[PDB]
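Heads up: the structure comes next, in structure tokens.
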Amino acid sequence: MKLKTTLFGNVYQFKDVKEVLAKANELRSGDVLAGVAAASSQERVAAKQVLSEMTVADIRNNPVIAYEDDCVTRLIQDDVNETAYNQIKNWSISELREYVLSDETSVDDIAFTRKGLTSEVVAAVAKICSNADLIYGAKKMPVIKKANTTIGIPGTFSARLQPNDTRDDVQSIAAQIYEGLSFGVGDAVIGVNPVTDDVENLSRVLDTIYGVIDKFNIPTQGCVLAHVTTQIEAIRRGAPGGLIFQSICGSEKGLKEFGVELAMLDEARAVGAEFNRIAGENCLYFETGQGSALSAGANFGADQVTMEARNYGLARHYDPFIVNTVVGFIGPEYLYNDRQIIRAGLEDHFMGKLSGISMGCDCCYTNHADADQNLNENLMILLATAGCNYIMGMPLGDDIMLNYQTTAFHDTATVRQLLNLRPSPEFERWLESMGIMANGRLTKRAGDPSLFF
Amino acid sequence: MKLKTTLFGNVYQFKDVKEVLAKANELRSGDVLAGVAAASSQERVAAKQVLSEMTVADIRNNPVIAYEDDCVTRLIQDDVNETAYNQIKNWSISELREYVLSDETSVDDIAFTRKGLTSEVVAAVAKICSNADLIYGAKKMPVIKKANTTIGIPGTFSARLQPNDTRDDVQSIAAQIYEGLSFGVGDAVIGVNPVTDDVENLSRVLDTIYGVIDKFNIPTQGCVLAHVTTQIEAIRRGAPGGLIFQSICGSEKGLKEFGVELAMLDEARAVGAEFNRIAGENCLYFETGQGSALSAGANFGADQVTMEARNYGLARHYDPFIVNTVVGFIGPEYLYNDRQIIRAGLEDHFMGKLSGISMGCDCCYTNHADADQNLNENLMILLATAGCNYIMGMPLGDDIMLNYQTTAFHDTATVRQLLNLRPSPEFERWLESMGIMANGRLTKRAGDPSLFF
Amino acid sequence: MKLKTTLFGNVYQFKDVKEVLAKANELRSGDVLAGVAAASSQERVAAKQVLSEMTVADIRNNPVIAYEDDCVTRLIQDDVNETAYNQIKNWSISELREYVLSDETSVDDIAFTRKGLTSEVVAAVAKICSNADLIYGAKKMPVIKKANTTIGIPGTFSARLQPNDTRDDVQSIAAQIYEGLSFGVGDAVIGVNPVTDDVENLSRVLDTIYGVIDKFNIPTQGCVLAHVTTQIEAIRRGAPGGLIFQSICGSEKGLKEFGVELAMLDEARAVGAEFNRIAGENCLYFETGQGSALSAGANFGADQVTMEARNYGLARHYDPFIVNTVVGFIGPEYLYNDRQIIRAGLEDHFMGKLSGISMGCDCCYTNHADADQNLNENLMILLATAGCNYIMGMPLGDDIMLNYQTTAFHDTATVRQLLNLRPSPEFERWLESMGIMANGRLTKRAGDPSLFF
Amino acid sequence: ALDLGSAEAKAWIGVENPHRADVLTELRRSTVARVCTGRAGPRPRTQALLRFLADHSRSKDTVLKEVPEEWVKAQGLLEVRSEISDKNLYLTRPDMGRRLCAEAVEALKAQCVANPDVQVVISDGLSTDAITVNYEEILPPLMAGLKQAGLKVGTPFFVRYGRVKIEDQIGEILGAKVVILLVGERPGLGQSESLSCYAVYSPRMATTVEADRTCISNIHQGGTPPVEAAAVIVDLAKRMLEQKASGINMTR
Ligand code: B12
Ligand SMILES: [N+]
Ligand SMILES: [N+]
Ligand SMILES: [N+]
């Protein structure tokens, strides 16, 4: 295989695939912090060309972390459909990119092709894609899942109600819930990030969430985004189960950083089948984001885009209901400004859709990064046109606990009426009977949380 | 619970739940052969009334075979969603039947309720259901699965192409393939019942099926209905795998009669994920039928309807692409005439749809039974109105090898054009491209196998 | 009116309306170069709050240039419907922003309200609007015009074919024409920016454009973007006239920099009515862009957003077929990076749609600015969701003459197929007749310029 | 007239024609979240957006403000810093913020109590205001309870430009049984005084993972009271010493 090319008469030679995957990335502060970024725009373009000329077999046979050394690599390699792989193993990444972008390629064609891929090959395609390539490519790759609502249908747009409080106070959490429901937010999940991690806290938050669900017969699901072990524990002891959440990393050492074993995710799948109040077949929830492996010292010289794609290969194994990247949650040391956060959000969603998971995105930023709320509104609309399955929702996007800014409840209603998108069909039926929505638009009395009183 | 009722001033005593389930059955020759049928029509109605008053917990806690003594009972009991069970454990079988038939009960309502049921409870509801109850109840309970074709969508009707031969002759098998495709048959599966059970014979038939599939780019899947062990070995050796088939029974002793372990079904699921040419996530295929448990001495004093319902709780664990009862495949010792075969067909399909599996039906009969071809035409139409996922297809319904008569290729086209039903959407697009079907109807050149030459 | 506000206990004093309008702008390099930007983010929010509390009369009565000293100010002030002004003269800028964004505000409501506005009031609303506000507000404000094609209909998306050459070579210009038509580009206009400003060169390019138009009976219009004086003289001499173009500025001193009198625009309107091959009643074409007034020293202490808004109040007087800002055409001295160019693009389009003109946008950037091609793809999609009337089109977006990068021919087809938007209905009918487009999508033979031979 | 930073602007209700305005004031009193601000179509109202931008301007300022050198000396604390030299590098080099500088390790072994059982470490992190506002309210009651009916309490010291993983090096250097790090969390929009606590039992730079720490976050007046947090941190260190485990390795 070729690891070198000549650009403008100058020869650009690279050491291995891991360097080609990293230097083909668009410029971001995380690849510079890892020392794997390209030195100039010429070497970045040269790395893209070498990457585009490598075959699917070249990248599949060279995982950034060895098989025998990483359980995430094993899971990705073991889950490959070898018949689908042998069909495409000799395709160059340039040909695979044009295959995904082709209008002659149907959704059913990609359904079998993506099974012959690994996360390293998925990341390789995103690296040689433009921003419009990432949006149009992901739009023609919808992924539909079902819990108590159906998510991912083209023409629909869901949103997670995120009611976080500085003390996990059930009065503050309920207040944000009635505000989000009045805007049509909550068909993805009503997920609470807990300021604590004790079992009696989770059950108290879950009892508050489901008290509202059972009161108005809301077709949705609840979740408290604590560690998966204490989620399993609370549900095993009587707490109402809906979605089971766990943060994931693209490497085994990254999972050990979060205290997560793969057996814990198998147990979450078994606890949900025995306990959870889910009509559909999908009840798991994962969240990702570039820079997690680098933060845990568990990237092994790989770039944060390749490591993020390994999240999607790991999540695909458990067929979750929803996955969303938290694109700008950490800080500028991994994604500095508006340009890098938008690019990462488009890459992450495209790679998640190419991996076959219900990919959403937390269009967000932090106050120590070079960004503002206009970035969240820029990316939320770009990803919506890309068919993003869902975004987050908070009052004005101000998280009083996580100390960051995400999208507002106004933002989901804006995207839905701007692009003529509907909620989940089960959730839309409830908003109509509640007098909150008509023809996908908010009624006059909508946006008023005192309507529920 | 009450094991007794007073009918017309006469007290009817019943031993256990097993006797009530058996005697509440409509009259069939298999229950008489099993010594479990009701002595009179009065006792049969008495067993129905006692059954209607027993709760869900009464029948969930009383399986016809013990948990510690049967792996199928363990699989059915362990798969129960216990939260959904506690919501309905106090409901009587009478209230559960009215709950299923209710127009105020949605598909998503049953989607969660059915998870709290066991196979013995599924049979209990069918025993107190009339023929129209079994039809209307199964219609409002659609089960949609997807391989290379989507099956079970309301308004659609699929069909299995069944090209059998007395010597597994591929030229005779291929002749029946072009015959079925010219009628629109084959969107469920092109499955061959093999004369021989050797690996090379299985691979030769598979190469013939997929040679036709690959030449015309047919969206469907191939299968050879041999034992699951030789199917797996042939696929491991390089034969093209589509659907992996295995006949199932509702008891561990019954599975031993066929030579099947539950680990064999786990392996077929793992082999299909690694080898099979399937775009969707469902790739397994099971066939059932009343009388198989009694034929193996593996019913343990239970009736053939309760034992058949246990096939579905077992099959649901593996989430297969298609299941179908072979309603009158064995002989009159289990189902005697037209009335018993029609009743069992409506029973099996309703119980399968209630259990959440993609339920079809081989509307068929044997030549030593009290039936003819007009029976198959009566049952196929009643089941099509019930939303039957698929039926079989042979030239005029005559199986030159299995020595029985199923439905014809003409029968699927008749059902579709009579009830305004379409094929699988992927397959319908292919028939339109082949000039065989336009607006769901056969064209002038349809029904002509020489069109493929 | 109040020129002062207290923010966090700190009193912020502002000189006049001109300083409040300038400092309320989002951070851009042109305002820093103009010495009118806010000193801190605190003062910027202070200028926004003071601006929100000022009434419509406060800003209508305080134009950045005096009436008696500027013919553009006279044109903007004389065109005001005084009855509509008296209805809204007491409304604050905060109430006007909420009035525009309101779902209870219809297109016919804004149709009359906008007549009582001036360009300085149009800029005031945009300054206190977020990026999503500029997008959703401009979407609900469609402006429909018609030449030989109808533009601006919601659900449609047009594109200008821009075939430029380093020597005005007609064979090189014609090559880019067949390239754009093969992608569906050209329903807005086939406009050539000329290297030379002589009459015979202009006529030669016009004969080439209309030779292609007449050969294939294309419903569209040709244009050569030279000075309006030499366009008029060439058309008077017999050259085929379609759209008559002229670059405009928001001040009389700015128009003098370009050598344009307001009588020249009256003449182009009179010449078009006598000579031009236009079926509709709109035949004029203007291009704008922030920084032109500051480049000519003709902003008079005003910011580039208020000066750009004055281009629209001037253009509205002549009711042209199309107007578009060339958002990043000049350089980084006026718009530095991706964030400022995206913001200005949303600003210019919202202000143009609020002023009642058929507002497009040349999503573009220069090579000495802090931008790349992924920026153009971000802005074209955000603006398409905002109902942008049209964008530009060149092969891969590379202008071999203007030395900048705009959107590609691929970009219009991507937007249309991504957002389910159609071309101009007259032009779409022609693309369908040419076998280039079917159901709003490019056919297999589309994108091939050799199709016209 | 209205100050966007005033309490009157923070308690503003923007719902135009409400179903129950009295209920709306009940939700507004129930949370710090920016609820009940109304809407202009599907977009936020003008005043609610203006207060958002005013809060972002204040939040962006607190990112680069350091705790003064005189304040850390006014608390009698030994100031020390990581490999980071300024806050601009601190935002881009988290690795350098997780290692003590060469002069840092030597200063620790020279002036701190050796082999303690509970070692308290106070650091700025990403919020200076979380240190200066909450310190005198939480530190006296914390270091009392650790001593009243207590044990061998180490010497406090301030780590400038520090990250959380630097407490693994501190526990290794000083041989501390339990290391308590009080650190300012990243700044929010409405407030920037959020203090966090990260505690680990006998850390090792080579084997300690992040899940080995116990986290108590949102320590401020709007969240967990610093006085209330002092009692639960002392109780925590007691259980980590009894169980000899921290993070997810503890019972219940
Ligand atoms: C950013 C963040 C993360 C980041 C950390 C990466 C990074 N470089 O910052 C990521 C996304 C990985 C993350 C993951 C998790 N987080 Co977190 N995290 C935060 C957040 C918003 C900021 C913390 C902060 O400002 N630290 C100060 C800076 C200066 O220190 P730092 O060295 O830069 O950051 C380190 C710590 O923050 C630490 N960390 C981050 N989160 C958590 C959670 C726990 C339990 C622990 C022990 C440590 C830890 O990891 C970083 C590297 O050392 C807080 C919210 C808050 N307002 O405090 C939640 C928070 C601390 N996280 C929390 C949770 C629940 C988790 C998870 C356990 C979620 C899950 N179900 O798996 C995971 C696992 C953490 C682990 N064991 O490694 C909870 C803690 C609940 C509790 N009382 O135990 C908090 C309070 C809020 C929340 N719900 O997200 N988190
Ligand atoms: N990641
Ligand atoms: N059976
Ligand atoms: N301008």
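Chain lettering (A, B, ...) mirrors the order of the structure tokens, residue numbering begins at 1 for each chain separately, and ligand numbering begins at 1 in order of display.
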(message) What parts of stretch 386-450 of chain B does DSSP call strand (DSSP E)? I'd like the answer as a PyMOL selection string.
(response) chain B and resi 390-393+398-399+404-405+437-438+441-442
request  = At a cut-off of 6 Å, list the chain A residues touching chain C, using only C-alpha atoms, as a list in words.
outcome  = residues 131, 132, 374 and 377 of chain A
For the residues in the current selection, export N, CA, C and O atoms as an mmCIF file, in the first residue's frame.
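Output below, filename selection.cif:
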data_model
loop_
_atom_site.group_PDB
_atom_site.id
_atom_site.type_symbol
_atom_site.label_atom_id
_atom_site.label_comp_id
_atom_site.auth_asym_id
_atom_site.auth_seq_id
_atom_site.Cartn_x
_atom_site.Cartn_y
_atom_site.Cartn_z
ATOM 1 N N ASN A 131 -17.993 19.908 4.240
ATOM 2 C CA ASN A 131 -19.105 20.109 5.162
ATOM 3 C C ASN A 131 -20.439 19.786 4.501
ATOM 4 O O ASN A 131 -21.323 19.195 5.133
ATOM 5 N N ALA A 132 -20.603 20.158 3.230
ATOM 6 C CA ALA A 132 -21.810 19.775 2.508
ATOM 7 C C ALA A 132 -21.821 18.287 2.190
ATOM 8 O O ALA A 132 -22.894 17.678 2.119
ATOM 9 N N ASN A 374 -24.841 32.085 19.039
ATOM 10 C CA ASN A 374 -25.067 32.061 17.599
ATOM 11 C C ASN A 374 -24.452 30.831 16.943
ATOM 12 O O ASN A 374 -24.915 30.416 15.875
ATOM 13 N N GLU A 377 -27.081 27.966 17.208
ATOM 14 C CA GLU A 377 -28.155 28.113 16.234
ATOM 15 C C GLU A 377 -27.680 27.849 14.812
ATOM 16 O O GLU A 377 -28.464 27.380 13.981
#
(request) Step by step, measure atom-to-atom distances between ligand 2 and each residue using only C-alpha atoms and all ligand atoms, keep those at most 12 Å, then write them as a ChimeraX atom specification. (result) /A:30,119,123,247-251,254-255,286-299,302-315,324-330,334,344,347-348,351-352
6 Å contact set for stretch 142-147 of chain A, only C-alpha atoms, chain neighbours under 3 positions out, as a PDB file with N, CA, C and O atoms, in the first residue's frame:
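Writing done, so here's around-v5.pdb:
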ATOM      1  N   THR A 150     -41.084   6.981  18.087  1.00  0.00           N
ATOM      2  CA  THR A 150     -40.266   6.643  16.932  1.00  0.00           C
ATOM      3  C   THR A 150     -39.417   7.850  16.559  1.00  0.00           C
ATOM      4  O   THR A 150     -39.937   8.962  16.419  1.00  0.00           O
ATOM      5  N   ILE A 151     -38.114   7.631  16.404  1.00  0.00           N
ATOM      6  CA  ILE A 151     -37.168   8.704  16.135  1.00  0.00           C
ATOM      7  C   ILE A 151     -36.391   8.374  14.868  1.00  0.00           C
ATOM      8  O   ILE A 151     -36.142   7.206  14.554  1.00  0.00           O
ATOM      9  N   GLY A 152     -36.026   9.418  14.126  1.00  0.00           N
ATOM     10  CA  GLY A 152     -35.179   9.277  12.961  1.00  0.00           C
ATOM     11  C   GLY A 152     -35.895   9.198  11.631  1.00  0.00           C
ATOM     12  O   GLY A 152     -35.225   9.072  10.598  1.00  0.00           O
ATOM     13  N   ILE A 153     -37.219   9.264  11.617  1.00  0.00           N
ATOM     14  CA  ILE A 153     -37.952   9.217  10.347  1.00  0.00           C
ATOM     15  C   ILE A 153     -37.697  10.506   9.575  1.00  0.00           C
ATOM     16  O   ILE A 153     -37.821  11.603  10.149  1.00  0.00           O
ATOM     17  N   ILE A 278     -40.852   0.260  28.203  1.00  0.00           N
ATOM     18  CA  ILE A 278     -40.570   0.617  26.817  1.00  0.00           C
ATOM     19  C   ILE A 278     -41.404  -0.279  25.913  1.00  0.00           C
ATOM     20  O   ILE A 278     -41.300  -1.509  25.988  1.00  0.00           O
ATOM     21  N   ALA A 279     -42.229   0.334  25.063  1.00  0.00           N
ATOM     22  CA  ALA A 279     -43.035  -0.441  24.127  1.00  0.00           C
ATOM     23  C   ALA A 279     -42.193  -0.964  22.969  1.00  0.00           C
ATOM     24  O   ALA A 279     -42.376  -2.105  22.530  1.00  0.00           O
ATOM     25  N   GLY A 280     -41.271  -0.148  22.468  1.00  0.00           N
ATOM     26  CA  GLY A 280     -40.397  -0.546  21.387  1.00  0.00           C
ATOM     27  C   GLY A 280     -39.309  -1.497  21.848  1.00  0.00           C
ATOM     28  O   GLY A 280     -39.317  -2.015  22.965  1.00  0.00           O
ATOM     29  N   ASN A 282     -35.894  -0.666  21.572  1.00  0.00           N
ATOM     30  CA  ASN A 282     -34.671   0.072  21.852  1.00  0.00           C
ATOM     31  C   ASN A 282     -34.842   0.860  23.143  1.00  0.00           C
ATOM     32  O   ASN A 282     -35.816   1.606  23.293  1.00  0.00           O
ATOM     33  N   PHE A 321     -31.416   3.234  21.541  1.00  0.00           N
ATOM     34  CA  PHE A 321     -32.506   4.048  21.017  1.00  0.00           C
ATOM     35  C   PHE A 321     -31.989   5.366  20.458  1.00  0.00           C
ATOM     36  O   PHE A 321     -32.462   5.828  19.413  1.00  0.00           O
ATOM     37  N   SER A 358     -28.717   5.672  15.876  1.00  0.00           N
ATOM     38  CA  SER A 358     -29.659   6.791  15.923  1.00  0.00           C
ATOM     39  C   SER A 358     -28.908   8.029  16.408  1.00  0.00           C
ATOM     40  O   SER A 358     -28.962   8.421  17.575  1.00  0.00           O
TER      41      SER A 358
END
Skipping near chain neighbours, those fewer than 4 positions away, what residues fall within 10 Å of residue D:223 using only C-alpha atoms, listed as a VMD selection string?
(chain A and resid 165 to 169 195 400 to 401) or (chain D and resid 193 to 195 217 to 219)
Please identify the helix (DSSP H, G or I) residues within stretch 41-238 of chain D (assignment by DSSP from backbone atoms) and present them as number ranges by chain. D: 46-61, 69-74, 87-92, 96-98, 102-111, 129-132, 135-145, 166-174, 210-212, 226-238
Quiz prompt | Distance-based interface of chain C with chain D, 6 Å, counting only C-alpha atoms, as a PyMOL selection string | solution = chain C and resi 6-8+41-42+45+94+98+101-103
Would you kindly return, as a PyMOL selection string, each protein, DNA or RNA residue with an atom no farther than 10 Å from any atom of residue C:235, considering only C-alpha atoms and excluding same-chain residues fewer than 3 positions away? chain C and resi 199+202-203+206+230-232+238-242+244+268+271-272+275-276
Using only C-alpha atoms and all ligand atoms, find each protein or nucleic acid residue lying at most 7 Å from ligand 1; present the set as a ChimeraX atom specification. /A:193-197,225-228,245-247,257-259,292,295,329-330,401-403 /D:94,125-126,163-165,183-186,194,196,198,210-218,247
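With distances taken over only C-alpha atoms, A:53 is the one residue among A:53, A:267, A:252, A:372 lying closest to residue A:97.
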note - atom CA of residue B:300 and atom CA of residue B:56 are separated by 21.7 Å
Just the residues within 10 Å of residue C:427, please, counting only C-alpha atoms, with nothing from its chain fewer than 2 positions along; format it as a list in words. residues 148, 149, 150, 158, 184, 185, 186, 187, 188, 218, 219, 220, 422, 423, 424, 425, 429, 430, 431, 432 and 433 of chain C
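For the atom pair formed by atom CA of residue C:95 and atom CA of residue D:26, the distance is 26.8 Å, given to one decimal.
Remark: for residue D:123, the closest of the candidate residues D:197, D:155, D:65, D:104 is D:197 (distances computed over only C-alpha atoms).
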What's around residue B:61 at 12 Å? Count only C-alpha atoms, leave out sequence neighbours fewer than 3 positions away in its own chain, and write the answer as a short mmCIF file (atom, residue, chain, number, x, y, z; two decimals) with N, CA, C and O atoms, in the first residue's frame.
data_model
loop_
_atom_site.label_atom_id
_atom_site.label_comp_id
_atom_site.auth_asym_id
_atom_site.auth_seq_id
_atom_site.Cartn_x
_atom_site.Cartn_y
_atom_site.Cartn_z
N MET B 1 -57.83 -19.36 42.56
CA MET B 1 -58.55 -19.50 41.30
C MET B 1 -59.63 -20.58 41.39
O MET B 1 -59.55 -21.47 42.24
N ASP B 16 -56.73 -29.23 36.72
CA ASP B 16 -55.74 -28.17 36.81
C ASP B 16 -55.94 -27.21 35.64
O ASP B 16 -56.92 -27.31 34.89
N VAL B 17 -55.01 -26.27 35.49
CA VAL B 17 -55.05 -25.35 34.36
C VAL B 17 -54.82 -26.10 33.05
O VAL B 17 -55.40 -25.75 32.01
N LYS B 18 -54.00 -27.15 33.08
CA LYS B 18 -53.71 -27.91 31.87
C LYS B 18 -54.97 -28.52 31.28
O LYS B 18 -55.15 -28.53 30.05
N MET B 54 -60.20 -17.14 35.17
CA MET B 54 -58.85 -17.19 35.70
C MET B 54 -58.06 -15.96 35.27
O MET B 54 -58.25 -15.42 34.18
N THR B 55 -57.17 -15.52 36.15
CA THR B 55 -56.38 -14.33 35.90
C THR B 55 -55.13 -14.67 35.09
O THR B 55 -54.81 -15.84 34.84
N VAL B 56 -54.41 -13.62 34.68
CA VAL B 56 -53.16 -13.82 33.94
C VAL B 56 -52.13 -14.51 34.83
O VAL B 56 -51.36 -15.36 34.36
N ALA B 57 -52.11 -14.16 36.12
CA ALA B 57 -51.18 -14.80 37.04
C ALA B 57 -51.47 -16.28 37.20
O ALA B 57 -50.54 -17.08 37.39
N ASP B 58 -52.74 -16.68 37.12
CA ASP B 58 -53.09 -18.09 37.27
C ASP B 58 -52.45 -18.94 36.17
O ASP B 58 -52.01 -20.07 36.43
N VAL B 64 -47.57 -25.55 31.26
CA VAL B 64 -47.84 -26.96 31.06
C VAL B 64 -46.62 -27.82 31.34
O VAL B 64 -46.75 -29.03 31.57
N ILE B 65 -45.43 -27.23 31.33
CA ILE B 65 -44.20 -27.91 31.72
C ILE B 65 -43.49 -27.04 32.75
O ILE B 65 -43.54 -25.81 32.69
N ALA B 66 -42.82 -27.69 33.70
CA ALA B 66 -42.16 -26.98 34.78
C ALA B 66 -40.95 -26.19 34.26
O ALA B 66 -40.32 -26.55 33.27
N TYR B 67 -40.65 -25.10 34.97
CA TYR B 67 -39.49 -24.27 34.63
C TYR B 67 -38.20 -25.09 34.71
O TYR B 67 -37.44 -25.17 33.73
N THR B 73 -39.62 -23.53 28.56
CA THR B 73 -40.33 -22.84 29.64
C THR B 73 -39.45 -21.78 30.28
O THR B 73 -39.91 -20.68 30.59
N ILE B 76 -39.24 -18.81 27.90
CA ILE B 76 -40.48 -18.03 27.89
C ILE B 76 -40.62 -17.23 29.18
O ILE B 76 -41.01 -16.06 29.16
N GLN B 77 -40.29 -17.85 30.32
CA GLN B 77 -40.47 -17.17 31.60
C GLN B 77 -39.42 -16.08 31.81
O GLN B 77 -39.72 -15.04 32.40
N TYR B 85 -45.90 -7.29 33.29
CA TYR B 85 -46.67 -8.39 33.86
C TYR B 85 -47.47 -7.93 35.08
O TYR B 85 -48.65 -8.28 35.23
N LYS B 89 -51.25 -8.78 35.70
CA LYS B 89 -51.29 -10.08 36.37
C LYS B 89 -52.64 -10.35 37.01
O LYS B 89 -53.02 -11.52 37.18
N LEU B 117 -46.76 -11.21 28.84
CA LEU B 117 -47.49 -12.45 28.62
C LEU B 117 -46.53 -13.62 28.47
O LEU B 117 -45.34 -13.45 28.16
N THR B 118 -47.06 -14.82 28.70
CA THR B 118 -46.38 -16.06 28.38
C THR B 118 -47.18 -16.80 27.32
O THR B 118 -48.32 -16.43 27.00
N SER B 119 -46.58 -17.85 26.77
CA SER B 119 -47.23 -18.60 25.70
C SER B 119 -48.51 -19.27 26.16
O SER B 119 -49.46 -19.39 25.39
N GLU B 120 -48.56 -19.71 27.42
CA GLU B 120 -49.78 -20.31 27.94
C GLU B 120 -50.91 -19.29 28.06
O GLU B 120 -52.08 -19.64 27.88
N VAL B 121 -50.58 -18.03 28.35
CA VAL B 121 -51.59 -16.99 28.38
C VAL B 121 -52.04 -16.63 26.96
O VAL B 121 -53.20 -16.28 26.74
#
Expressed in Å, the length from atom CA of residue C:391 to atom CA of residue C:369 is 20.3 Å
